[PDB]
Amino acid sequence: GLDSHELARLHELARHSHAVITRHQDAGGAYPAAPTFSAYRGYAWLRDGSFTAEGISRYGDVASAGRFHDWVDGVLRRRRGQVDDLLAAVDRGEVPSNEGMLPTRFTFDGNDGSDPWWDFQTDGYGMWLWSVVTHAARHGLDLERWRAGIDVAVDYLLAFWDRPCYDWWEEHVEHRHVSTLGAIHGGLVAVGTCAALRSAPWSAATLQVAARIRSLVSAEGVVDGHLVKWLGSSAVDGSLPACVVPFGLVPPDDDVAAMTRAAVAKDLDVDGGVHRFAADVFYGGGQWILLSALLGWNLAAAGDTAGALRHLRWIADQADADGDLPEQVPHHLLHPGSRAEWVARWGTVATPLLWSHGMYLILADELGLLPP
């Protein structure tokens, strides 16, 4: 199994992951993506923050995770009128432009941090529903604390789930991305199957829309037995295992789950470090900590503890002298000639990336390795 040498190092990286996340959590409750990376500093993402919050909730820091959910909830209640206006526009047949949608980046005070024409994404609102329900179930909490923000997110996603948008990586606005569909599905099934939310007006609708998402993925999101990066594509994306665990398009034991884990591993995993997609030129297309953790989580869930452990160890080997985990490492580059221009333009790779730490904690917990 694991010797005292490796257990001590993995425990310390878990302790440090909790510390770096809670040290950089904003006073208002937001988790930032990266406190010192030029292009990300000063902003929060619901994607990063939701997976971060789920690592912290598993770790057992109820107070920290709860302040994140408070933050998100209050940000979303503030958009009640914005969401109602977009729904009324749809009802009039005046479909709003990407420029009018809810944002991707948030400032720590809950304002738009970016222009959605350039980065419109719907996945983070589905990930937040999955996160807050999973947290409340784990710690026995009353979801009425965050219900009015849940209601905004649900209403928005029931309207806009089928809209093309940019993927997790802020690319390809014209497409419908399977890990985006998957994030929405996970959020909708989490609220639709939640006994505390049984009387919500949208209860039945969330499970009917989740079924519509699965129908779309069955028709256009599966090729040669595996999920694909966007509807109508043949290629895989490193984000796709999230459609198994945690978002539940198919269970871990399904043939499409197995075929998707094997395709991601064959096409994108080098020596334990998982690339985003074949064409990735961002910093040369490096190996992403959070994706090695996502694949490891999916292997643990399917009963492949050994494969899970190999990916955990790979991630632990990327910690720097202070125990900080970067976004990505360049040990294998898909497009080595593209790295220099990114380092010149934005600097050295985001380190720490809080989502890297959040995912480390999830995978550690899946393997029973959080300090006792």
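All residue numbers refer to positions in the sequence shown, first residue = 1.
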Mean C-alpha B-factor comparison - 46 to 54 and 299 to 307, higher one: 299 to 307
Between 23 to 31 and 341 to 349 (mean CA B-factor, as deposited), the higher: 341 to 349
Largest Cα B-factor, entry values, listed residues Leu76, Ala183, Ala279, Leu291: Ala279
Selection by C-alpha B-factor (highest) of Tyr125, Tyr283, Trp71, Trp230: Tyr283
B-factor third for the C-alpha atom of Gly93 within its chain: highest
Ranked against its chain, the third holding the CA B-factor of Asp267: middle
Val173 CA temperature factor, ranked by third within the chain: lowest
Where the record places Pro251 (Cα B-factor, split into thirds across the chain): highest
Lowest, middle or highest third - CA B-factor, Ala137: highest
